[PDB]
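Asker: Just the starting chains for now, same placement as in the complex:
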Amino acid sequence: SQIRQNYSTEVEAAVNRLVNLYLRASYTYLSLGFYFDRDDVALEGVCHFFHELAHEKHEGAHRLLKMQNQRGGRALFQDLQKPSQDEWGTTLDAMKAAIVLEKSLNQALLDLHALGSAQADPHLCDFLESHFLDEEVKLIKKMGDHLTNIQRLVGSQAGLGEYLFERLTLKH
Amino acid sequence: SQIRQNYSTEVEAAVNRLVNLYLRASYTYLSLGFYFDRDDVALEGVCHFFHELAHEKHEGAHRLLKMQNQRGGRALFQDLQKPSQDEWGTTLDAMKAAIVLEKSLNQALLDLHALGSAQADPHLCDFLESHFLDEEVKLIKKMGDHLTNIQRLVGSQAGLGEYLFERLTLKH
C-alpha cells in the first residue's frame, strides 16, 4: 500500500470483525422493528425506535469501512448471521435484548481501543473516541432510562403500561 | 462605609445567614435533580423541575448579595452543608422534602422582614416584599398543587401514577 502508515494487521482485522458486528446489530434492529409493526403487536413508537437504530448501526459500519480505506487497510466481508430471535416478546423483552446487544458492541469498541493503544495507533484511538465511545454511552443511558420507565409501568396492568410508554415516551 | 445609611449590623448579619440558606437550598435542588436523572430513576420532568429551582435559589442568593453591597454591608460566606439526603425516594417524597425546604426559606424571609420592621428599615422590607415573599407564596402553592396531584395518582398503581404525573404535568 502507498498510503498505509502505522496501521497494524491486528487493527485491520479487528476493524473488519467490528464491521460484521455492526451489520449484525443493524439486522437485529431491522427484525426488532418489523416485529413491532405486526398487526398483532402494533406499537409504532417501538418500531420507529428500533428502525432508527438499524440505520445508526449501518452508518457505524459505513464509517468503519471508510476509515479502513483511509488507513490503507482492506475491507473484507463475512457472512452475516441472522438475529437471535424471530419474535421479540414485550417492549420490555425487546429493550432488555437491545441493552445486551449495545453492551456487546461497547465491549468490542473498548477492546479495539485497547488494541489500538497497545499498537501505539493514536488515529484509531481518536477515531473511536470521537465517533463511537460517547455515542454508545449516550445510547446505553437512554436504553437504561427507558427500561426503568417500562418496568415502573408494568404494575399489574401490563398492557396499559406498554401502550402508555409507546404513546407518551416513544415517537409516533 | 461612605454609603451605609439606616442599615443595621443585625440586618447585615441576617442577610449573610439568609444567603447561606439560599445556597444550601440551591445545593439541595442540584442533588434532587441529579437523583431523578439516574438511569434507575429516570424521571426527566422531575429532574428539570428541581434543576430550575437550583437556578432560582442561586439567583436569590445573588440578589441578596447585590443588595448587601448596595446598602454598604459586607458579604461574608460560610461553609455550605451538604443536602440532608443522598437519595430522595419517590417523586412524592421529593416534593414533600421540597415543600419543607421552601417553608423553611419562607419563615427565614418573614423573620428577616420582621427584623427590618423592628429596625425601621423600609428599603429592606420593600426589597423582600418585591423580590421574595410573593415568589415564595407562588412556589409553595405550586408545590402544594403538585403534591395533591401526585397523591391522587398513587392509588394502588404507584409506578403508573408516578410516570403519568411526570409525563402530563411536568415539562420534558
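Answerer: That came in fine, so what should we check first? Numbering: from 1, shown residues only, chains lettered A, B, ... in the order given.
Asker: show me what contacts residue A:4?
Answerer: Applying Cβ atoms under 8 Å, 6 or more residues apart in numbering or on different chains to residue A:4 gives the contacts A:71, A:72, A:73. Every residue, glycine included, has its C-beta placed from N, CA and C.
Asker: What residues does chain A have near chain B?
Answerer: Within reach of chain B by Cβ under 8 Å from any Cβ of the partner chain, chain A has these residues: A:141, A:144-149, A:151-157, A:160-161, A:164-165, A:168-169.
Asker: so which of the contacts of residue A:4 would you say is closest to chain B?
Answerer: residue A:71 (35.4 Å; Cβ to the nearest Cβ).
Asker: what ranges do the helices span in chain A?
Answerer: For chain A, the helices defined by DSSP state H occupy A:9-36, A:44-71, A:91-118, A:122-128, A:134-154, A:158-168.
Asker: Give me the distance from the third one to the chain's centre.
Answerer: Translated: helix A:91-118. 8 Å (Cα atoms, centre = their mean, to the nearest Å).
Asker: buried sites along that helix?
Answerer: For helix A:91-118, burial by neighbour count (16 or more other Cβ atoms under 10 Å in any protein chain shown) applies to A:91-92, A:94-98, A:101-102, A:105-106, A:108-109, A:112-113, A:115-116.
Asker: Same check on the shortest one?
Answerer: Counting neighbours by 16+ other Cβ under 10 Å, one finds that the buried residues in helix A:122-128 are A:124, A:125, A:127, A:128.
Asker: As chain C, please add this:
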Amino acid sequence: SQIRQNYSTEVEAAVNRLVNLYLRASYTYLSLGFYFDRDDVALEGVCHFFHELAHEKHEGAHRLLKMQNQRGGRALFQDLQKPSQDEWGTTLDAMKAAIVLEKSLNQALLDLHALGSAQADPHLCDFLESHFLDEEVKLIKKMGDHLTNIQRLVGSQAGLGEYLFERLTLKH
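Answerer: Let me put chain C in with the others:
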C-alpha cells in the same frame, strides 16, 4: 447498575471529589466578584470577570455530574468549604489567587486523566480531553496574560494602573 460498563469505583469516587472542587471554585469566584462590587473597591470589569468564572465552574460541575449518571455512577455530595479569604486585596492579588486556584483544578483534571488511563477508561479520558483540559489551558493562558498586563501597570501609580486595566482590558 443496568448500564455501568468499564466504570471503576476509583473513577466514580474521583469524579465526586472533582465535583466538590469545582463547586468550591464556583464559590470562591462568587466571593471574588462580590468583593469587586463593594462601593469601596468598585471595579466592575473585575466583578464581571470573576462572576463569569463562577458560572463556568458551576457548569463544569454540572457536566461532571451528568457524565457520572451517563456512566451509571452515583453522585455523592459533600460539604462545601467557604473560600480561603473574605477580602481579596488588589486586582493583582485576586488574579494571583485565581491562577493558583486554576492550577489546582488543572492538576486535579490531570490526576483524574491519569487514573482513567491506568483504569483503561477511554470514555473518561476523552471526556476530560474534550470538555476540560484545553478549556483550563486557555483560561490559565488568559490569566497569565492579564497578570503580566496588571504587573506592567503598577509602576509607582498603582491606583491609576488598576483603573486603566479594568477600563481598557476588562468588560464593563
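Asker: so, the buried residues of helix A:91-118 revisited with chain C in the model?
Answerer: A:91-92, A:94-99, A:101-103, A:105-106, A:108-110, A:112-113, A:115-116.
Asker: Residue A:94 is in contact with residue A:50, correct?
Answerer: Yes. Counting by Cβ atoms under 8 Å, residue A:50 touches residue A:94, with 7.3 Å between them.
Asker: Find residues that contact each of the two.
Answerer: With Cβ under 8 Å, 6+ apart as the test, residue A:50 and residue A:94 both reach A:32, A:36.
Asker: Residue A:148 contacts residue B:39, correct?
Answerer: Yes. Residue A:148 is within contact range of residue B:39, at 6.4 Å (criterion: Cβ under 8 Å).
Asker: between those two, what contacts are shared?
Answerer: With Cβ under 8 Å, 6+ apart as the test, residue A:148 and residue B:39 both reach residue C:2.
Asker: which of those two has more neighbours?
Answerer: Higher neighbour count among residue A:148 and residue B:39: residue B:39, with 22 against 19, using other Cβ atoms under 10 Å in any protein chain shown.
Asker: For that one, list the residues it contacts.
Answerer: Here residue B:39 is in contact with A:141, A:144, A:145, A:147, A:148, C:1, C:2, C:3, C:69, C:72 (Cβ under 8 Å, 6+ apart).
Asker: If you rank the residues you listed by neighbours, which is first?
Answerer: Those, ranked by neighbours (other Cβ under 10 Å): first place residue C:3, 26 neighbours.
Asker: That one and residue C:114, how far apart?
Answerer: For residue C:3, the distance to residue C:114 equals 25 Å [Cβ to Cβ, to the nearest Å].
Asker: then chain D, please:
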Amino acid sequence: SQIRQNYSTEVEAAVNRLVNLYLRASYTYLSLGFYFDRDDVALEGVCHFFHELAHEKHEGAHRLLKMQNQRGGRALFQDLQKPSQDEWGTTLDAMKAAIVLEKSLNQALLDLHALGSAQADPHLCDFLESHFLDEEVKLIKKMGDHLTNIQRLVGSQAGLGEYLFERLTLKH
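Answerer: Placing chain D onto the earlier chains gives this:
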C-alpha cells in the same frame, strides 16, 4: 376635600417640605453642572452627570406634587434657597458634596416613611417604597463607586486622574 381619606395634615405638610428639598437639590445640580461646563473646568461628562441629576430631582418633586393632589392635600410652595457653593472644586469635591446631598434627601425620605407608618398611611409608605427609597439607594451606591474610582486616580497626578475618570467612566 371631597377625596381626602386617611391623609394626615402632618404628612401633607411633610410632603410640601420634601418638595422644597427636591427643588433645592435640582437647583444644586443645575449649579454643579454649569460649573463643570466652564471653559476653565471643561469636564463634559461631569456636567452631564449633574445635569441628569437636576432633571431627576425635578421629576421627584413633580411626582410628590402629583401624589399630594391625588390624596387631596394642597401643594404649598416656599422660597428656594440658592445652592451652598458658587464654585464646586474638583470632581472629587463635587461628588463628595453630591453624596452629602443625597444622604440628606434619603434621611428626609426615611423620616417621611416613618411618619407615614406612625399615621397608619400605607399608601404614602408604598409610594415612597415604590418610587423613591430604592432609587436613592441605587444612586448613593453609584456615587460611592464613583468616589472610590476618583480617589484611586488622584495618586500624585491629580489632573491626569480627573481627565481619565471623566473620559473613561462618565458619558460624553
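Asker: so, the buried residues of helix A:91-118 revisited with chain D in the model?
Answerer: For helix A:91-118, by 16+ other Cβ under 10 Å, it's A:91-92, A:94-99, A:101-103, A:105-106, A:108-110, A:112-113, A:115-116.
Asker: repeat for stretch A:148-157
Answerer: A:148, A:149, A:150, A:151, A:152, A:153, A:154, A:155.
Asker: got it, and stretch A:4-18?
Answerer: A:7, A:8, A:11, A:12, A:14, A:15, A:16, A:18.
Asker: Generate a markdown table for those residues, with distance to chain C as supplementary columns.
Answerer: Shown next, in a markdown table, are the buried residues of stretch A:4-18 (distance: Cβ to the nearest Cβ, whole Å):
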| residue | distance to chain C |
| --- | --- |
| A:7 | 19 |
| A:8 | 18 |
| A:11 | 15 |
| A:12 | 20 |
| A:14 | 15 |
| A:15 | 16 |
| A:16 | 21 |
| A:18 | 15 |
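Asker: which among the residues you listed gets closest to chain B?
Answerer: The shortest approach to chain B among the buried residues of stretch A:4-18 belongs to residue A:18, at 25.6 Å (Cβ to the nearest Cβ).
Asker: which residues touch that closest one?
Answerer: Residue A:18 is in contact with A:64, A:108, A:109, A:112, counting by Cβ under 8 Å, 6+ apart.
Asker: please redo it, this time with the cut-off set to 10 Å
Answerer: By Cβ atoms under 10 Å, 6 or more residues apart in numbering or on different chains, the contact set of residue A:18 is A:60, A:61, A:64, A:68, A:105, A:108, A:109, A:111, A:112, A:128, A:132.
Asker: now do residue A:115
Answerer: Residue A:115 neighbours (Cβ under 10 Å, 6+ apart): A:8, A:10, A:11, A:13, A:14, A:15, A:121, A:124, A:125.
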